[PDB]
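**Student:** Got a file for you: model_21.pdb, PDB, C-alpha atoms.
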```pdb
ATOM      1  CA  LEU A   1       0.000   0.000   0.000  1.00  0.00           C
ATOM      2  CA  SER A   2       2.981   2.348   0.576  1.00  0.00           C
ATOM      3  CA  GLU A   3       3.769   2.049  -3.174  1.00  0.00           C
ATOM      4  CA  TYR A   4       0.502   3.981  -3.626  1.00  0.00           C
ATOM      5  CA  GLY A   5       1.762   6.387  -0.953  1.00  0.00           C
ATOM      6  CA  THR A   6      -0.429   9.380  -1.746  1.00  0.00           C
ATOM      7  CA  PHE A   7      -3.633   7.327  -1.802  1.00  0.00           C
ATOM      8  CA  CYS A   8      -4.601   6.795   1.844  1.00  0.00           C
ATOM      9  CA  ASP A   9      -3.458  10.279   2.826  1.00  0.00           C
ATOM     10  CA  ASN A  10      -5.551  11.686  -0.027  1.00  0.00           C
ATOM     11  CA  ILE A  11      -8.638   9.741   1.056  1.00  0.00           C
ATOM     12  CA  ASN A  12      -8.155  10.777   4.683  1.00  0.00           C
ATOM     13  CA  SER A  13      -7.700  14.418   3.665  1.00  0.00           C
ATOM     14  CA  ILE A  14     -10.808  14.415   1.469  1.00  0.00           C
ATOM     15  CA  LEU A  15     -12.924  12.787   4.177  1.00  0.00           C
ATOM     16  CA  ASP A  16     -11.561  15.187   6.800  1.00  0.00           C
ATOM     17  CA  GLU A  17     -12.393  18.142   4.557  1.00  0.00           C
ATOM     18  CA  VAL A  18     -15.893  16.733   4.020  1.00  0.00           C
ATOM     19  CA  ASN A  19     -16.462  16.228   7.748  1.00  0.00           C
ATOM     20  CA  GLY A  20     -15.086  19.656   8.637  1.00  0.00           C
ATOM     21  CA  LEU A  21     -17.380  21.094   5.981  1.00  0.00           C
ATOM     22  CA  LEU A  22     -20.314  19.304   7.615  1.00  0.00           C
ATOM     23  CA  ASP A  23     -19.252  20.689  11.002  1.00  0.00           C
ATOM     24  CA  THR A  24     -18.961  24.219   9.605  1.00  0.00           C
ATOM     25  CA  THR A  25     -22.388  23.822   8.010  1.00  0.00           C
ATOM     26  CA  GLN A  26     -23.878  22.690  11.324  1.00  0.00           C
ATOM     27  CA  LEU A  27     -22.295  25.675  13.074  1.00  0.00           C
ATOM     28  CA  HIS A  28     -23.706  27.990  10.403  1.00  0.00           C
ATOM     29  CA  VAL A  29     -27.185  26.480  10.784  1.00  0.00           C
ATOM     30  CA  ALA A  30     -27.005  26.841  14.568  1.00  0.00           C
ATOM     31  CA  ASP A  31     -25.860  30.450  14.178  1.00  0.00           C
ATOM     32  CA  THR A  32     -28.747  31.166  11.803  1.00  0.00           C
ATOM     33  CA  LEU A  33     -31.220  29.637  14.306  1.00  0.00           C
ATOM     34  CA  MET A  34     -29.708  31.638  17.168  1.00  0.00           C
ATOM     35  CA  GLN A  35     -29.118  34.879  15.247  1.00  0.00           C
ATOM     36  CA  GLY A  36     -30.783  37.790  17.010  1.00  0.00           C
ATOM     37  CA  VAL A  37     -32.654  35.650  19.548  1.00  0.00           C
ATOM     38  CA  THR A  38     -33.336  37.469  22.823  1.00  0.00           C
ATOM     39  CA  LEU A  39     -35.239  35.738  25.624  1.00  0.00           C
ATOM     40  CA  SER A  40     -36.323  36.932  29.044  1.00  0.00           C
ATOM     41  CA  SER A  41     -34.815  35.486  32.199  1.00  0.00           C
ATOM     42  CA  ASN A  42     -38.361  35.210  33.568  1.00  0.00           C
ATOM     43  CA  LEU A  43     -39.266  32.813  30.747  1.00  0.00           C
ATOM     44  CA  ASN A  44     -40.289  29.440  32.203  1.00  0.00           C
ATOM     45  CA  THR A  45     -41.529  26.920  29.642  1.00  0.00           C
ATOM     46  CA  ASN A  46     -43.094  24.708  32.323  1.00  0.00           C
ATOM     47  CA  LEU A  47     -45.620  27.492  32.996  1.00  0.00           C
ATOM     48  CA  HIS A  48     -45.688  29.531  29.757  1.00  0.00           C
TER      49      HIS A  48
ATOM     50  CA  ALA B   1      -5.098  40.205  12.005  1.00  0.00           C
ATOM     51  CA  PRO B   2      -6.102  36.550  11.563  1.00  0.00           C
ATOM     52  CA  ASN B   3      -9.541  37.301  10.125  1.00  0.00           C
ATOM     53  CA  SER B   4     -11.736  34.738   8.405  1.00  0.00           C
ATOM     54  CA  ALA B   5     -11.948  36.381   4.964  1.00  0.00           C
ATOM     55  CA  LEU B   6      -8.204  36.437   4.308  1.00  0.00           C
ATOM     56  CA  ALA B   7      -8.092  32.928   5.753  1.00  0.00           C
ATOM     57  CA  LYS B   8     -10.713  31.870   3.197  1.00  0.00           C
ATOM     58  CA  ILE B   9      -8.793  33.429   0.295  1.00  0.00           C
ATOM     59  CA  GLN B  10      -5.519  31.853   1.396  1.00  0.00           C
ATOM     60  CA  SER B  11      -7.396  28.580   1.895  1.00  0.00           C
ATOM     61  CA  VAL B  12      -8.524  28.691  -1.736  1.00  0.00           C
ATOM     62  CA  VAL B  13      -4.950  29.320  -2.865  1.00  0.00           C
ATOM     63  CA  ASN B  14      -3.443  26.710  -0.528  1.00  0.00           C
ATOM     64  CA  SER B  15      -6.013  24.067  -1.465  1.00  0.00           C
ATOM     65  CA  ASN B  16      -5.208  24.603  -5.137  1.00  0.00           C
ATOM     66  CA  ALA B  17      -1.450  24.443  -4.439  1.00  0.00           C
ATOM     67  CA  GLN B  18      -1.873  21.267  -2.351  1.00  0.00           C
ATOM     68  CA  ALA B  19      -3.987  19.617  -5.053  1.00  0.00           C
ATOM     69  CA  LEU B  20      -1.343  20.418  -7.713  1.00  0.00           C
ATOM     70  CA  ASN B  21       1.497  19.205  -5.472  1.00  0.00           C
ATOM     71  CA  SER B  22      -0.437  15.970  -4.799  1.00  0.00           C
ATOM     72  CA  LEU B  23      -1.081  15.445  -8.510  1.00  0.00           C
ATOM     73  CA  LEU B  24       2.616  16.054  -9.286  1.00  0.00           C
ATOM     74  CA  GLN B  25       3.622  13.591  -6.546  1.00  0.00           C
ATOM     75  CA  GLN B  26       1.582  10.917  -8.335  1.00  0.00           C
ATOM     76  CA  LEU B  27       4.314  10.800 -11.011  1.00  0.00           C
ATOM     77  CA  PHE B  28       6.758   9.488  -8.393  1.00  0.00           C
ATOM     78  CA  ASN B  29       4.438   6.722  -7.199  1.00  0.00           C
ATOM     79  CA  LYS B  30       5.064   3.221  -8.510  1.00  0.00           C
ATOM     80  CA  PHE B  31       1.562   1.672  -8.256  1.00  0.00           C
ATOM     81  CA  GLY B  32       3.122  -1.771  -7.938  1.00  0.00           C
ATOM     82  CA  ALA B  33       5.638  -1.249 -10.736  1.00  0.00           C
ATOM     83  CA  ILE B  34       9.356  -1.756 -10.204  1.00  0.00           C
ATOM     84  CA  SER B  35       9.971   1.984 -10.623  1.00  0.00           C
ATOM     85  CA  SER B  36       8.179   5.293 -11.064  1.00  0.00           C
ATOM     86  CA  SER B  37      10.604   6.449 -13.783  1.00  0.00           C
ATOM     87  CA  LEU B  38       9.796   5.417 -17.370  1.00  0.00           C
ATOM     88  CA  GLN B  39      13.510   5.791 -18.228  1.00  0.00           C
ATOM     89  CA  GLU B  40      14.315   3.085 -15.633  1.00  0.00           C
ATOM     90  CA  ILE B  41      11.577   0.830 -17.024  1.00  0.00           C
ATOM     91  CA  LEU B  42      12.811   1.235 -20.614  1.00  0.00           C
ATOM     92  CA  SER B  43      16.481   0.754 -19.633  1.00  0.00           C
ATOM     93  CA  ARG B  44      16.255  -2.129 -17.148  1.00  0.00           C
ATOM     94  CA  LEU B  45      13.813  -4.271 -19.145  1.00  0.00           C
ATOM     95  CA  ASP B  46      13.259  -5.598 -22.637  1.00  0.00           C
ATOM     96  CA  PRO B  47       9.967  -4.621 -24.328  1.00  0.00           C
ATOM     97  CA  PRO B  48       7.680  -7.523 -23.279  1.00  0.00           C
ATOM     98  CA  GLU B  49       7.941  -6.831 -19.524  1.00  0.00           C
TER      99      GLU B  49
END
```
I'd like the structure from this file rewritten - as structure tokens, please.
**Tutor:**
Amino acid sequence: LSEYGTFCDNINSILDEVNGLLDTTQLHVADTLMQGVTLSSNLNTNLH
Amino acid sequence: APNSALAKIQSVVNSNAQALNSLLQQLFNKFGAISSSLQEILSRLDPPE
């Protein structure tokens, strides 16, 4: 497998880039959900 | 300062440079052959192998 030396590093790099892209996308989605959200401290979901 | 926009631009450039370096490095892989150099193949062996 070392005679194909670049191969497993390339696959690992591509998968790592894909997974980091998924993580960045999840962070962006969470930021969009939480963007500009202001809630009161008095807010109690068990009663309201 | 280490801001995200310049990081993104340099990431574009560095990703391109890494992809080209990786493609160039594929010329020095052997893929199971006795050598990665076609000169070595054509000098060390007669045509059938």
**Student:** Check what the PyMOL selection byres ((chain A) within 12 of (chain B)) selects in the file above and give those residues as an mmCIF file with C-alpha atoms, in the coordinates of the input.
**Tutor:**
```cif
data_model
loop_
_atom_site.group_PDB
_atom_site.id
_atom_site.type_symbol
_atom_site.label_atom_id
_atom_site.label_comp_id
_atom_site.auth_asym_id
_atom_site.auth_seq_id
_atom_site.Cartn_x
_atom_site.Cartn_y
_atom_site.Cartn_z
ATOM 1 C CA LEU A 1 0.000 0.000 0.000
ATOM 2 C CA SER A 2 2.981 2.348 0.576
ATOM 3 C CA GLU A 3 3.769 2.049 -3.174
ATOM 4 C CA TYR A 4 0.502 3.981 -3.626
ATOM 5 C CA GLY A 5 1.762 6.387 -0.953
ATOM 6 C CA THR A 6 -0.429 9.380 -1.746
ATOM 7 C CA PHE A 7 -3.633 7.327 -1.802
ATOM 8 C CA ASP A 9 -3.458 10.279 2.826
ATOM 9 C CA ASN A 10 -5.551 11.686 -0.027
ATOM 10 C CA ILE A 11 -8.638 9.741 1.056
ATOM 11 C CA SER A 13 -7.700 14.418 3.665
ATOM 12 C CA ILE A 14 -10.808 14.415 1.469
ATOM 13 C CA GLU A 17 -12.393 18.142 4.557
#
```
**Student:** What does the structure give for the distance between atom CA of residue 42 of chain A and atom CA of residue 29 of chain A, in Å to one decimal?
**Tutor:** 26.8 Å
**Student:** Give me, please, the distance in Å between atom CA of residue 11 of chain B and atom CA of residue 21 of chain A, quoted to one decimal.
**Tutor:**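 Interatomic distance here is 13.1 Å.
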**Student:** Please indicate the distance in Å from atom CA of residue 15 of chain B to atom CA of residue 28 of chain A, rounded to one decimal place.
**Tutor:** 21.7 Å
